[PDB]
Amino acid sequence: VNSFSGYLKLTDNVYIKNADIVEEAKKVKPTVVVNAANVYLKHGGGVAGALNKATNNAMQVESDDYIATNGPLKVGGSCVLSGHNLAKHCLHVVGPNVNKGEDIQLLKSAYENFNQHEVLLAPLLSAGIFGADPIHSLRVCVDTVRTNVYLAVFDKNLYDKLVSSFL
Ligand SMILES: O=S1(=O)CC[C@@]2(CCCN(c3ncnc4[nH]ccc34)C2)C1
């Protein structure tokens, strides 16, 4: 038994809720929150900018030190850093950027990072809101992640669409 509340069950191990991941993190304080990162750990908008803002920029300060030491992540890769005031740990995961021409198959590699953690609070990666992109993003999550993942979907029309379309 864990502390996540109000989630719909998609499969044995995947749960979903129309929620803002930042509000979910503050309320639950999970062991792992996933950030939808870029390779530079530049947290400007979306999940990353909102998580970072909620840490009062401490996530960005830690991230810049990480990059200065280690260089950029790989697309499809990840690193574990502090969760600051939001979680014990933040797993920064880089999904492919299709508007950069980055291979859509890297999305499966990105989700494979989740399997190194028993339970995670996470957003959809390389999904966005419009088109078939988000549907297929959740399809890859379900078919790749084997650990217990609690998905917070910010857009309610998208949440409703995902639940109603999920096979
Ligand atoms: O939900 S979406 O339509 C699926 C793709 C999307 C892109 C923007 C950032 N998103 C978030 N997801 C969950 N919590 C969030 N808090 C702040 C942003 C955010 C994910 C929106």
# chains A, B, ... in the order shown; residues from 1 in each chain; ligands from 1
>>> residues_near_ligand(ligand="ligand 1", cutoff="10 Å", atoms="only C-alpha atoms and all ligand atoms", output="ChimeraX atom specification")
/A:17-25,35-36,45-51,121-130,133-135,137-138,151-159
>>> select_by_dssp(residues="region 7-124 of chain A", states="strand (DSSP E)", output="list in words")
residues 8, 9, 14, 15, 16, 17, 18, 32, 33, 34, 35, 36, 78, 79, 80, 81, 82, 89, 90, 91, 92, 93, 119, 120, 121 and 122 of chain A
>>> write_last_selection(atoms="C-alpha atoms", output="mmCIF file, in the first residue's frame")
data_model
loop_
_atom_site.group_PDB
_atom_site.id
_atom_site.type_symbol
_atom_site.label_atom_id
_atom_site.label_comp_id
_atom_site.auth_asym_id
_atom_site.auth_seq_id
_atom_site.Cartn_x
_atom_site.Cartn_y
_atom_site.Cartn_z
ATOM 1 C CA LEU A 8 -7.548 4.910 -12.437
ATOM 2 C CA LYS A 9 -5.892 1.525 -13.032
ATOM 3 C CA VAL A 14 0.186 1.530 -14.636
ATOM 4 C CA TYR A 15 -2.149 4.069 -13.017
ATOM 5 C CA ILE A 16 -3.380 7.420 -14.393
ATOM 6 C CA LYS A 17 -4.931 10.626 -13.000
ATOM 7 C CA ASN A 18 -5.888 14.016 -14.439
ATOM 8 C CA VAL A 32 10.771 9.284 -7.206
ATOM 9 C CA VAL A 33 9.269 12.020 -9.356
ATOM 10 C CA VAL A 34 10.112 11.901 -13.061
ATOM 11 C CA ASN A 35 11.091 15.072 -14.866
ATOM 12 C CA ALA A 36 10.549 15.382 -18.629
ATOM 13 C CA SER A 78 18.378 9.685 -17.543
ATOM 14 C CA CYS A 79 20.073 10.691 -14.333
ATOM 15 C CA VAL A 80 18.996 10.565 -10.688
ATOM 16 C CA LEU A 81 19.275 13.830 -8.775
ATOM 17 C CA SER A 82 17.648 15.265 -5.673
ATOM 18 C CA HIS A 89 14.693 11.788 -5.808
ATOM 19 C CA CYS A 90 14.061 13.235 -9.246
ATOM 20 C CA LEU A 91 14.651 10.939 -12.201
ATOM 21 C CA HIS A 92 15.412 13.292 -15.114
ATOM 22 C CA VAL A 93 14.452 11.383 -18.274
ATOM 23 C CA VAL A 119 7.470 3.132 -7.791
ATOM 24 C CA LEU A 120 7.397 6.471 -9.624
ATOM 25 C CA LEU A 121 5.200 9.531 -10.072
ATOM 26 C CA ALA A 122 5.635 10.530 -13.722
#
>>> closest_atom_pairs(of="region 55-88 of chain A", to="region 99-106 of chain A", cutoff="10 Å", atoms="only C-alpha atoms", output="CSV")
residue,atom,partner,partner_atom,distance
A:74,CA,A:106,CA,9.9
A:75,CA,A:106,CA,6.9
A:76,CA,A:106,CA,5.2
A:77,CA,A:106,CA,9.0
>>> write_last_selection(atoms="N, CA and C atoms", output="compact mmCIF listing (two decimals), in the first residue's frame")
# COMPACT_ATOMS: atom_id res chain seq x y z
N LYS A 74 22.13 11.58 -22.79
CA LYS A 74 21.71 11.06 -24.09
C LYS A 74 20.20 11.21 -24.24
N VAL A 75 19.74 11.43 -25.47
CA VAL A 75 18.32 11.27 -25.75
C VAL A 75 17.96 9.81 -25.48
N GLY A 76 16.93 9.58 -24.66
CA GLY A 76 16.58 8.26 -24.18
C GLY A 76 17.21 7.93 -22.85
N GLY A 77 18.13 8.77 -22.36
CA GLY A 77 18.82 8.53 -21.11
C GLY A 77 18.21 9.25 -19.93
>>> select_by_dssp(residues="chain A", states="alpha helix (DSSP H)", output="count of residues only")
59
>>> closest_residue(among="A:112, A:41, A:144, A:73", to="residue 61 (chain A)", atoms="only C-alpha atoms")
A:41
>>> closest_residue(among="A:118, A:84, A:132, A:166", to="residue 2 (chain A)", atoms="only C-alpha atoms")
A:118
